[PDB]
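Structure record follows, encoded as structure tokens.
Chain A is the first sequence line, chain B the second, and so forth, proteins listed ahead of strands; every chain is numbered from 1. These numbers come from the heavy atoms of this one structure, side chains and all, not from hydrogens, waters or symmetry mates. Atoms within each ligand, like the ligands themselves, are counted from 1 in listed order.
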Amino acid sequence: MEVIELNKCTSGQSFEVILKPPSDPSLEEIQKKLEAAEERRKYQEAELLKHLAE
Amino acid sequence: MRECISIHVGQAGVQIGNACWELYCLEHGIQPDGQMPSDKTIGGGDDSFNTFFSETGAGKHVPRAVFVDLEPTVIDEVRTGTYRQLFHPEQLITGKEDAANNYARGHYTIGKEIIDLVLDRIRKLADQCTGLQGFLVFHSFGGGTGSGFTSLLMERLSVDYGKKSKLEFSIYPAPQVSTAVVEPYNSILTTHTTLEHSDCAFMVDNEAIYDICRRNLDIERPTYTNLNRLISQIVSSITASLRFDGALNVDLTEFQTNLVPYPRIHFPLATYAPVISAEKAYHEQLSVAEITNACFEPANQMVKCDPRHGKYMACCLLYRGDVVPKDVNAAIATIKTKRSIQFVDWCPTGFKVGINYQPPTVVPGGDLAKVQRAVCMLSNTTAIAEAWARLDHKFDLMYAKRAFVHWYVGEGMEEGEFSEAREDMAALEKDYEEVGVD
Amino acid sequence: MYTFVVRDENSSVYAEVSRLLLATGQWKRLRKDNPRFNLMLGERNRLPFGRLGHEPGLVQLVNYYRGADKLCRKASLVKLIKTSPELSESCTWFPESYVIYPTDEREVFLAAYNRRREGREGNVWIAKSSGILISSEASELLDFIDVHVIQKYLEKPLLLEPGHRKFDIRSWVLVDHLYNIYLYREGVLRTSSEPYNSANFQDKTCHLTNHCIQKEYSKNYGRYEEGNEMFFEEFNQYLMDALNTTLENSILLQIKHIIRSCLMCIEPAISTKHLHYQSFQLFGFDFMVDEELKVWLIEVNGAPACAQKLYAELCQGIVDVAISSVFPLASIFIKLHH
Amino acid sequence: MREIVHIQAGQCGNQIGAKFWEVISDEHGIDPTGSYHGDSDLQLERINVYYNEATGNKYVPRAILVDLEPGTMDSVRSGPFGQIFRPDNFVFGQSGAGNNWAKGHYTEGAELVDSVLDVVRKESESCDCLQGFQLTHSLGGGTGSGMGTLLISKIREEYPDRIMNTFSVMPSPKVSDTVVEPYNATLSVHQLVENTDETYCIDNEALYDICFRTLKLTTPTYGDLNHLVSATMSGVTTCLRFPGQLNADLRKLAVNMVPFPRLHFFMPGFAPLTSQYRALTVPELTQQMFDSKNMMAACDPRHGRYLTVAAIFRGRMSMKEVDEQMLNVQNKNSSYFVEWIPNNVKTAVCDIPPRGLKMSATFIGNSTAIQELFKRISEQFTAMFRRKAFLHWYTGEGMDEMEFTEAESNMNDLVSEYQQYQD
Ligand SMILES: Nc1nc2c(ncn2[C@@H]2O[C@H](COP(=O)(O)OP(=O)(O)OP(=O)(O)O)[C@@H](O)[C@H]2O)c(=O)[nH]1
Ligand SMILES: Nc1ncnc2c1ncn2[C@@H]1O[C@H](COP(=O)(O)OP(=O)(O)CP(=O)(O)O)[C@@H](O)[C@H]1O
Ligand SMILES: Nc1nc2c(ncn2[C@@H]2O[C@H](COP(=O)(O)OP(=O)(O)O)[C@@H](O)[C@H]2O)c(=O)[nH]1
Ligand SMILES: [Ca+2]
Ligand SMILES: [Ca+2]
Ligand SMILES: [Mg+2]
Ligand SMILES: [Mg+2]
Ligand SMILES: [Mg+2]
């Protein structure tokens, strides 16, 4: 066991114990997919209203 | 001093956030009206606690937090809660109708109409920060808002705050308290969309918190209040390093550096001890060795799984109370020769230890008993993949029949996003098995 | 009404256990993929342990210990015995073995192979994995491998008379959810009908005691005992008449010692004491006995079959100590304490 | 505040709807004059879901009463709580519908539907956030069945993004008024398959058997049948009217109960059903709640499989014991719950029990056995349609035989769709 990097302060302390050594999408792209989903909702509602109009 | 902004999404995120900020105030001596007697610098300062609280000219310490919910009833309790005086209206954001446990409804339909408002409010807090570290995002996996809107907020946050770090406190769905049959859908959909935008995520399984409350607190039927009190203790021990003087996990970047070498594997397992019922006058105070040994018992983990059949990539021990390094090393030596602890070949077999002398604070009259010392272990073990496997199995069962899929397509989501998200989880399970199995 | 599922249709031991559970009127069998079960007679490979213990209101028990493969795989067993301090490296009940890949122990295997050859000691080794080869030339063994294990072939085995024939001992051990180690009171010797010939190792009918090989490649199958299976009652009588000793004193003490040692070694790694699900498992230990009445451990089977005459008694014992202990309804074992 | 707009149409719909408002009004502490006299704030916390508040702290049910005859609506206005309904919300004609779906849907009903929608619009406009509609009606008559489904189609057109929920009374030869009820019911079911998100199938055959066999009522009346419907309607709406976590609004209920858009027909159940001061233990509530004898649809649940289930326990009881009994029912009868919808059974508990009971349980199941109800109607329909019997009542109103053939085919499809998921 090796204890390293011991830091002490008035409110506590920290250290490391070693037991063994080793061996994004853009704003435009987001708005498109949000608008794409909104358009698929508009289309599905349009088909409903067309169905109801019949 | 660098600031951290907390964001609470959905019922789970808001109610948990409400419990955490109540605990913070108790820990920092901040009265419900916002006044902090021990704070001698009036109207300003750059102390450790200022990373979570700003200050007004009148001496009010205001949390750097934003509460977002698509339904007003949950946040309204914050507006009329004991700590209503801490927050001001700009911090609390509510909608008219919620996502109805529908990821697509919260992400696309409702998310598109309220995202700009949330970001604008977040921008307000960012403008107050001289050096913003990043964000802590509280939310559930199963809720329509917690899953759907969070994933949208995380995408945008990466756009507006590219250099900032983002940490998650995610509530993993458990049927004993769950409220929707489709929560596996929302869990996998939001994990897929958020995976590349989260630097470190702490999953809390309601099943584990539920059984811990029943087993160790003698709660017959634990409520959200019981669960959130215990969750706030875990969250507090994790964020204490950011709110107090210390050297371990002093900024958000350090969480990734100390716990996440493999970016996709950013889900550390949390183990907490001890949890003692307050209904008993005297309880034999557990020692450093005993509470440290408890960190390797599955019954104390935030996610039930078996680390023995896995590998560790990193392990942090966060102590609060009467603890000195000598006792920690002595307990580790004993535990090391009695436990099955295996690290990956390419990682050192060791522990990063942090000790805060102030013992844990408990809500007066709550269910948790005051203890002389507590510990929270943060270990990145491949065994946490067991939670993914369970979730993915339930996803596969319903999706094979397309059960409930029409609710999501009806919100504008394409059926392909389901398989796309499921294929990502499959790759994730494969990454874990490669790292921790021979 | 307890519920259970069946996920290993090829298990003869648990097909009988299943039949008994149903015959009690208090157990109900579900579809293999139904999650609301109390007991799982799971599959041998890729048993989803990670999906157990997450059903509210159900005490769940499975018939396999996760991680027991370390003991039931030849390469794993060799690595386990060598590296585990509890078993050390100089444990006298396991033949010197080396793991050879087609890390690796090729160079170490030849090191000890030379020391014996120089000293004129017997260099007859056997190679096998999870078809074998028995040779006195290390070069022929390695060529045969091109994962495998190379252990010292016991050249001085205890030979049953009449017949001058080899044999092996099979012991069934049941470990319940509390990690009580139960050794079945009944064992079986799997004998070789052909006389042992240390001259020609290629004729492996007399060298391999496997029940399948004896019935397929041997002419004297079933000459001395029915199915080349000698039970403990007869074997004990033989030891008393020929060697003036008992099965308990000469062999059984060493067997119990070996069983305790192996199972206690892995107990920390596989125990379900404080786990959200409980496990039990039936193991099959195979031993060799040399002419000095010393017992050697060959391997450990995690999914063993039972002797035909013993299915009834053993399968009932599994239900009594392993299943009914967790799910009570409305001894044939020797408890190896520890 | 997620408001619901209630609609009751026809004789059956208005008599069952009236009893419903009488029941929940008592629960929420509202008297016949709209004044609240309760003793618990839980009564008013979600009172706005079903009631508007007028000047003087008066609560007015958000209910619209519709019929093509004035008869039954005159009885309602003279009934116990008749004075509590908004007078402008009485919309009625004079001709009637003569138990004729065509008259309610195409002729007599078309002439009156616009004035009903005008009242619906006035109610919706004063809703902070209208969440949907609930309609009470029968399928065997003319107004509730024919004009009811017409109203639903026109409500969906004007409010396509709102939830539509119905309590639909299915006809039965045991309790029949005319022989054309299979025709009216078959035509209406297809409308419901397309234009409702949630339909509680209330089978008059089951209501009668429960009154005759269980309740020991030798000569059951419509009042007796409606007593069971009031209790069931109060139970299934408990999660909407009181604070809770599960199925707290119409949309979340649909997401939990409807895995496929067309299979949204539920089997309601109630317990206890006593012929009365004895306390009913939680185990007893649970076993009775799942007993077919407590089902309101006249279908044997053991003849199919449960897709989803919603249970509501009312009264002061041990929630730990509720969970144990619910888990006991599923784990002991797991074969009747489809395995491809994990944890498809959800439980809720409300502290306020119904009037006259210390404890109660309401069952809401989406079972594939409901096909037995639609098969029954399909057989009776075909028995007459193969000979075109009684069709002149409908062709005299402009309908063509093809529309009957299509309604028949549509309901057989629904039966086949249930059968495919039962396997
Ligand atoms: N631990 C804990 N879990 C909660 C709490 N509230 C809700 N949950 C869990 O969150 C999941 C449901 O998500 P919610 O947060 O309630 O839903 P939401 O985020 O508000 O999104 P909506 O669908 O629009 O309501 C369920 O699995 C609940 O068990 C809480 O206060 N504490
Ligand atoms: N080191 C050794 N010395 C002498 N004989 C040996 C030996 N190793 C193996 N044998 C012989 O080989 C036979 C079968 O070997 P082994 O058990 O490794 O293969 P196996 O796994 O196919 C049979 P089982 O699964 O029942 O144990 C044994 O019955 C034994 O007689
Ligand atoms: N449960 C119940 N069923 C009724 C009642 N009145 C009529 N019915 C049933 O409804 C059908 C007749 O429809 P009805 O409402 O009278 O026709 P409408 O007024 O034109 O809509 C028949 O199947 C009756 O059995 C009632 O008060 N209660
Ligand atoms: Ca200050
Ligand atoms: Ca980023
Ligand atoms: Mg919500
Ligand atoms: Mg073998
Ligand atoms: Mg009538």
**Request:** Provide, to 0.1 Å, the distance between atom 3 (N) of ligand 1 and the closest protein heavy atom, together with that atom's residue and name.
**Result:** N206(B) ND2, 3.3 Å
**Sequence-distant partners of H107(B), ring pair (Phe, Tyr, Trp, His ring centres under 6.0 Å), two or more places apart** = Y103(B)
**Message:** Taking CH2 in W393(D) as the centre, count heavy atoms belonging to other residues, nucleotides or ligands within less than 6.0 Å. Is the count above 12?
**Reply:** no
**Fill in**
Tightest non-hydrogen contact, residues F167(C) and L158(C), listed as CE2-O, 3.1 Å
**Message:** Does this structure show an ion pair linking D286(C) with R170(C), if we count only N-O contacts that are shorter than 4.0 Å?
**Reply:** yes
**Prompt:** Does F169(B) have any ring pair (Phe, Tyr, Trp, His ring centres under 6.0 Å) partners at least two apart in sequence or in another chain, and if so, which?
**Reply:** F138(B), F202(B)
**Message:** Looking at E96(C) and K152(C), is any side-chain nitrogen of the basic one under 4.0 Å from a carboxylate oxygen of the acidic one?
**Reply:** no
**Asked** Hey, does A100(B) sit under 4.0 Å from ligand 1 if you only count heavy atoms?
**Response** yes
**Asked** What part of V204(B), side chain from CB on, backbone N/CA/C/O, both or neither, has a heavy atom under 4.0 Å from ligand 1?
**Response** neither
**Message:** Looking at every heavy atom in both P157(C) and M288(C), which two are closest together, and how far apart are they?
**Reply:** CB-CE, 3.9 Å
**Asked** For ligand 1, which atoms, with element, lie under 4.0 Å from some heavy atom of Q15(B)?
**Response** 6 (N), 30 (C), 31 (O)
**Prompt:** Are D98(B) and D249(D) side-chain neighbours, meaning at least one heavy-atom pair lies under 4.5 Å?
**Reply:** yes
**Request:** Please name the residue in the list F109(C), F201(C), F144(C), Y153(C) that meets the ring-ring contact (aromatic ring centres under 6.0 Å, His included) test with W125(C).
**Result:** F109(C)
**Request:** Just jot down the ligand 1 atoms closer than 4.0 angstrom to any heavy atom of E183(B), in number order.
**Result:** 11 (C), 26 (C), 27 (O)
Pairs under 3.5 Å, N/O atoms on ligand 2 and on the protein: can you put them in a table with the distances?
| residue | atom | partner | partner atom | Å |
| --- | --- | --- | --- | --- |
| ligand 2 | 1 (N) | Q151(C) | OE1 | 3.2 |
| ligand 2 | 1 (N) | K152(C) | O | 3.0 |
| ligand 2 | 3 (N) | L154(C) | N | 2.9 |
| ligand 2 | 5 (N) | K166(C) | NZ | 2.9 |
| ligand 2 | 8 (N) | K128(C) | NZ | 3.1 |
| ligand 2 | 8 (N) | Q151(C) | OE1 | 3.1 |
| ligand 2 | 18 (O) | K128(C) | NZ | 2.6 |
| ligand 2 | 21 (O) | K74(C) | NZ | 3.3 |
| ligand 2 | 21 (O) | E299(C) | OE1 | 3.4 |
| ligand 2 | 21 (O) | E299(C) | OE2 | 2.9 |
| ligand 2 | 25 (O) | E299(C) | OE2 | 2.7 |
| ligand 2 | 25 (O) | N301(C) | OD1 | 2.7 |
| ligand 2 | 25 (O) | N301(C) | ND2 | 3.4 |
| ligand 2 | 26 (O) | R170(C) | NH2 | 3.4 |
| ligand 2 | 26 (O) | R190(C) | NH1 | 3.1 |
| ligand 2 | 26 (O) | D286(C) | OD2 | 3.4 |
| ligand 2 | 27 (O) | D286(C) | OD2 | 2.6 |
| ligand 2 | 27 (O) | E299(C) | OE2 | 2.6 |
| ligand 2 | 27 (O) | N301(C) | ND2 | 3.4 |
| ligand 2 | 29 (O) | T209(C) | OG1 | 2.3 |
| ligand 2 | 31 (O) | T209(C) | OG1 | 3.1 |

**Message:** Less than 4.5 Å apart, side chain to side chain, heavy atoms only: is that true for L297(C) and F285(C)?
**Reply:** yes
**Item:** For the Mg ion (ligand 8): protein N/O/S atoms at distances below 2.8 Å
**Value:** 1
**Message:** Quick check on contacts: which atoms of ligand 1 are under 4.0 angstrom from a heavy atom of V177(B)?
**Reply:** 29 (O)
**Message:** Heavy-atom distances under 4.0 Å decide this one: backbone, side chain, both or neither, for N101(B) against ligand 1?
**Reply:** both
**Item:** Charged N-O contact under 4.0 Å between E97(B) and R2(D)
**Value:** yes
**Asked** Taking atom CZ of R73(C) as the centre, does the number of heavy atoms from other residues, nucleotides or ligands within less than 6.0 Å exceed 12?
**Response** no
**Request:** Check whether any heavy atom of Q245(D) sits under 4.0 Å from an atom of ligand 1.
**Result:** no
**ligand 1 contacted by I171(B) (non-hydrogen, < 4.0 Å)** = yes
**Close N or O approach (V9(B), ligand 1; < 3.5 Å)** = no
